[PDB]
Every structure is written in C-alpha cells, then in structure tokens.
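Heads up: the structure comes next, in structure tokens.
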C-alpha cells in the first residue's frame, strides 16, 4: 500500500511487452470511447492504430503501477518507460 | 499412438506450472506469492532472447 | 534352499561392467539400492548416481533430488534431438522440489500447497475434492489462473 | 573369521571420519590431524590388542570455534557417543540423557549399531536444554556432502536470516522448504526455522545461490 | 557490490569464497567473459605485432619515453602490414561492447512472463513427437533403459 | 523325493513311525518301505552361472550414414547411426533419427 517514491525505483526502467500491449489496449479502448487524442491522425480512424501512433510520439497519458510481491508498488509514466 | 497421447504431458505440466510467473523483483513465484526461484534459471535470462 | 542370498546386496537384480569408450571399466547395476552401493568397498561414493529420483531424495537430499530430476530430464530429451533450453528443466525441477520433498505432477502431488479446489477439480477428481472442501469448510482464495 | 572383522574395522574407521567431518563443518574445534586418520592409526588407537573394534573410548568432546561462536553466540559443546548393542534399549538412552544433563551439553550425537528401539521416539524428544541427533553407522559410512550431486549447504545465523528476509521483503512461509530429517539437514543439525544458503552450480548459468528454510 | 550474508562488504580476499555467491554473479561472469574475449582479440593483435619484430604492446608501457609512439623505428612496411592483417579501431571496440551489453540487457526475463506455462509447453510439446515404445538403434545391445 | 508306491503308484511320503523311524509310508495303501541304515538321497544338479565380460558396445553393427550433425562447430562428425520410423500420418512421409558418431549428439531430421 506504500508507494516507493520516484527517486528510487528497483524495477526495470524498460517497458515490458505485456506493459506495451496493455497500454495500447487501454488507450485504444479510451479512444474508442471518444477520448481526445494528442497526435495527428492523418486520416486514421482505428483506435488501436491511433494508440500506436500516440505510443510512437510518446504521448499516451497513462502511468504503469508495478506492484511488488511485498504489496508495495512504484509508478512509471509511459513517457519515462523506454522501449 | 502419438495422436492419442498428444495433449497429455502438456496438460499435466500445465496444471503443475500454470501460475508460475516472473515477478517485478526478478523472482519466480506461485500465485500464493511463495518463492520457487529467487532468480529464473539462476540467471534471470529469457531463453527466447 | 537354492534361492537364498549368500553374497551381494539384496537389492540388485544384476550388476554389469561397462566401458565409457575408454580404459575405464565402470559397473552399473539394475537395482534399487543406492546407499548400499555407495557404502560398498571398492566403489567411490563421491561419484555414484542412480537414475531413481526418489532414491536420490531419500539418500542424498532434496537438492540432489532436484539435480537428479534436471539431469534425468535433460538426458531424456538429449537422446531425442529435443533442443529445450535448460532453464525450463530447471524450473520444472524447482517446482517439483520447492516444498521440501519431491512432489510429482499427479493428483496426489498437486495437493501440495495449492488449496485451490476449483483448479483441482478442473484438473481431476472434481467431486471428491469439492465434497472435502465443503466438509472441511475450506476458504480458498481466487488467485490461480484456472 | 577375519574378513568380517577387517571390513568392520574399515567401516567403523570410515564412519568415524564421516562424523569428524560432520562436526568440523558444523563448526567446532576439529582439525585435519584428527580428521585424516588412517585405518592403521585407527587400529593403533581405538582397537584393542584383541582387535575387536571398541566404541567407547573414541567418544569425544567437540567445542565451538571462535568464528562459529561469534556467528552463533548460543552453541554449547558437543558429545558424540557410539553405541555397541545392535538394538539400543531404554536403559542406555536414559544414561546418555543423564550424561547430557550432568555435563551441560547443548547437543549429543548417538550413532547406534544396527537399529533403534521403537520406544526411543517417546524418550528422545524429552530434553529442554539440549537435543539428541540419532544416527546409524551405515547411514554415515560416506558423508553425502562430499557427493558430486549435493550442492554446498551453508547454514545462516539469525542475523543473516533476518537480512535475507528483508532484502527480499519476505516471510518465512514464502521461502522454499527443506524437510526436517532431510539427509543434508540432519548432517548440518538444522532446526525448524533455520535458513540454509544453497550454493548450486549450473552449466548454462554458472554458480548461483538459492535458499531453503527448515520446517 | 557483493555484500555479505549480513549486508557487509567482502574484504576482497573472500570475494569468491563461495558463501558470498548471490545474484549479479552471472552478470559478473558475463562481464569477465567480455573482457576475456576482448583480451583474446588484443592478444592476437599483439602476437602478430611481435611476430613482425616490432613491439607487441599487450601491457601498457611505463618509462620516460612512454609518451613517444613505439612504432617510429618501424620503416612504414610492417606497420601497414599489421594494419592490413588486424586493425581494431576504438569505434569498433566500443560498438562491440555496446552491442553485447544491449543484448545482455534485452535477454533478461521480463516481469509478468507466464514462465511456468512457457516451460510446461516447452517440455511437453517435445513430449508429443517421441514414441511411447522405446526404439533403439539396431545393434546397440545395451540395457533397455526407458 | 518323488518316489511312488509299487502297489497303487501314489506318491510316497516320509512318515515318522515309532522310535522315530523315517519310513517311506504310502498313504492310500498298506505299503511301508522302512529305512534300515539305508541312505535315501536325492541329488539334483544346479547351473554354474559363470562370469560375464564387460558390456562394451556393438555400435559397429549399426547403420551409419553421411550427415553432418548440428554440433559441427565442436566436433567434425560426418556420420550418424540412424533408424527411420513413420511416426507421421500416412499422408505425411517418414521420419529419420540420427546420432552423431563424433560426439554422441542425437537429432531427428524428419
């Protein structure tokens, strides 16, 4: 229940494949629910493709909460997780 | 015989190993949060990579 | 009378001397006694291994048991051109031996620490496990993927 | 005959070497002079002129070393006693317990000859200040910790166990277990809740450490 | 760092004492392997250099004239011959180290991986292509171990 | 033992008579063959079961082939003992198994 503060963070600084897939799914679901996007569609209508473009421009407004087995967690913004 | 035995060892080992996943502290644990490997393979390396 | 044992351990079906493609004439026995062979004179107990995992466990311990499991599986799929990464075998040995004893992948073995009555039912023996859980009033959480 | 006697003297010499090693790596004052004892010297010292191997005057006292006592402050001296009767009875077990109580020995090793009486399991677990490790001479002809298939088990102190359970943010129940009466656990005199560090070696991942807790 | 079992530094005389083995030891071995490979390449270059009569600067030099280049006395012939045979640039070494470190970092198991299920399938899918009956090469005539 | 009565040809048995005499008394018939200082003995031979040599290996009596094993970067093996089994369906072809003679590495080339 106690958040590990941003200054120290034990878990990997890289986005995992599962984190990428879940972020894309969540953002695509939000877009499919008419959420505003922060990228240039250039004619794109697919929420998944728009979410992929957002992830490419590193503009998805979500943060990954990685719970440790000991019950704690640390937050990693999508932008600060590197691919 | 192989067709008849397909899906038996995989199913049994699956029932055994379904819930073992890598944790964010690099430990392999059961779904009861009990440690099976403090590090995967004693190396932490994915065989796929 | 002509069936009693006067010499040799009463656990060996037969002993055979083999050659490991060298000048070394090892003997490997088709028996069920490992401690007796190790404590037999003229044999090195430092390097004397059986292929019975449960025998290794009873004689040498759980760590040697998991080593024996890993090596036996690696030998079994190394004789068939089965290129499986050894980490999968290591994980199998660890999951089989992490409770302190060699627990198999059978219905009795699965009742190790899981307590997941629904997972156990979906595996095998649904009704007996369900009735045991209802009678003991088990309170298994929902954590398994099953 | 003579073949039985010579095999018996060699076997007793080997078992004596094994218990010396077990006490030495449990952490006690035993060095290579009384570990590496040749069979001829065993005959010279612990074998009567008659030749029949006696198992009373090689029972010895083991004291903790400075390093062992510093790591584990609570560890008394050790009394390793060898039985002579194939089937041990209540009387000799009672006199062994009396010896333990009267000499204030934190533990006592009882290496019997052939078998142990059924009544022992009611009688041995009654010693508050101490404990008794019950052994068989054939079960320790060869010490298993010298086997190529047994990784080096290192028992951890209470401070080390606390440090491990904190570095991993763990409870004891989440640890992998090693059984009471496990062949290596008995060799090391492990107790419930005592964590052992296992140094195992792998071909594709090198040397790495795992941990087990005695239950 | 390789702390103790109690969390203290190791005295650099017990660094590999084998009760201070922990995690990060595979990483240490990997770094040592990288150094060993680079040292093999450097030793090959040095052996070629000294086989040409000129100095094989395997060890760093330490003298008053250590500033001057030790290839001035060479008459422009074996210099270009050695550069023809082995020419290891600093950019090349740095690129190799970057690639190797990147690959090792990428090879680490990712959290959340269903590693147990992956291992189960990796051990069981090979178990479908193997015969239940034990088939042996014609002429082995060894003990029929399954 | 395996002795039979001359009268009824039933099997003879040793019976303890008076003064502990071991006679060859016949059940089912009044026949008595006593032992007056005579040694009735049955001797049957048994096999010697001699020593056996080292097992070794008869791999020279196996079918090699001309194939380079995947572990050609460790050992230069161009031969492999083989046997072919059609563990595939009748529509599929046959599968071949191999074992390098230079390292002992087995693999199925299908």
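Per-chain numbering from 1; labels A, B, C, D, E and F assigned in written order.
In the analysis below, a contact is a pair of C-beta atoms (placed from the backbone, for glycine too) under 8 Å apart; a residue touches a chain by one contact, two chains touch by 3 or more.
Core chain by CA centroid proximity to the global CA centroid: C. Computed centre separation for the pair chain C/chain D is 26 angstrom, with centres defined by C-alpha atoms.
In this assembly, the C-alpha centroid of chain B lies 18 Å from the C-alpha centroid of chain C. If you average the CA atoms of chain C and of chain E, the two centres end up 35 Å from each other. Residues of chain E found to touch two or more other chains are 23, 26, 108, 110-113, 115-116, 119, 122-123, 129, 131, 143. Counting only residues that touch two or more partner chains, chain A has 11-12, 66, 68-70.
Contacts with at least two other chains are made by residues 55, 57, 87, 97, 108 of chain F.
Under the contact rule stated at the top, the pairs of chains that touch are A-B, A-D, A-E, B-C, B-D, B-E, C-D, C-E, C-F, D-E, E-F. Residue ranges of chain F in contact with chain E, taken from their complex: 55, 57-63, 81-83, 85, 87, 97, 99, 108. Contact residues on chain E toward chain C in their complex (touch as defined above): 115-116, 118-119, 122-123, 126, 129-130, 143, 145.
Taken in their complex, chain D has these residues touching chain A: 169-170. Residue ranges on chain B touching chain D, taken from their complex, read 25, 27, 29, 33-39, 41-43, 45.
Residues 85-88, 90-92, 94-96, 98, 105, 109-110, 113-114, 119, 123, 143-146 of chain C are the ones that touch chain B when the two sit in their complex.
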